[PDB]
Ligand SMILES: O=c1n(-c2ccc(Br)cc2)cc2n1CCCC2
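Quick setup: one chain, the form solved without the ligand, written in structure tokens, and binding and motion questions come after.
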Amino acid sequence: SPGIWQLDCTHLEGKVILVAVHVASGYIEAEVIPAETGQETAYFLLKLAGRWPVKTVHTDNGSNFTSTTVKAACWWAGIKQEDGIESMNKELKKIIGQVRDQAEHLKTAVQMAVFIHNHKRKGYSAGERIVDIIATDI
């Protein structure tokens, strides 16, 4: 379904990479934060929902599902917060490793990996698939 997203967390270099995957296409958005908190997750969802038509988010764990702050952001943004990827984290870490030496900051390497992941043709790319899926829904 065009509006379904899945949250995902992974660790790297003492930091956390928070990822949102558009389930039907494999398209991703990602950010680097010091640690996963309800405030960081709520702010990340608010950003994602202003950029794509987010109908449902499958939270990554029970703490984010429980968080009053995350629930408040889902309420504000009109998101249906729902309850309950390893290959995606491994592939994303693999791309980060291939670009790591071109970037001083981890956040720069992570955005380079988001770019490569979304543009990779598998032939359509994930960026093309998300747009085609949502335009068909309009």
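Don't overthink the numbering: it's just position in the shown sequence, from 1.
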Unmodelled deposited residues flanked by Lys122 on one side and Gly123 on the other: 4 to 9
Can you count the deposited residues that have no coordinates between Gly62 and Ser63 and report it as none, 1 to 3, 4 to 9, or 10 or more? none
The stretch whose C-alpha atoms carry the larger average B-factor in the entry, 39-47 or 85-93, is 85-93
Looking at the entry's B-factor column for C-alpha atoms only, identify whether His11 ranks in the lowest, middle or highest third of its chain. highest
So, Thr108's CA B-factor, relative to its chain, sits in which third? The lowest
Can you work out whether the C-alpha temperature factor of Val99 puts it in the lowest, middle or highest third of the chain? highest
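The protein also exists as the form deposited with the ligand bound; that form is not presented, and the subsequent description refers to it.
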Is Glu91 close enough to the ligand in the deposited complex to count, meaning some heavy atom within 4.5 Å? yes
Contact set, 98-123 vs the ligand in the deposited complex - heavy atom within 4.5 angstroms: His117, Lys122
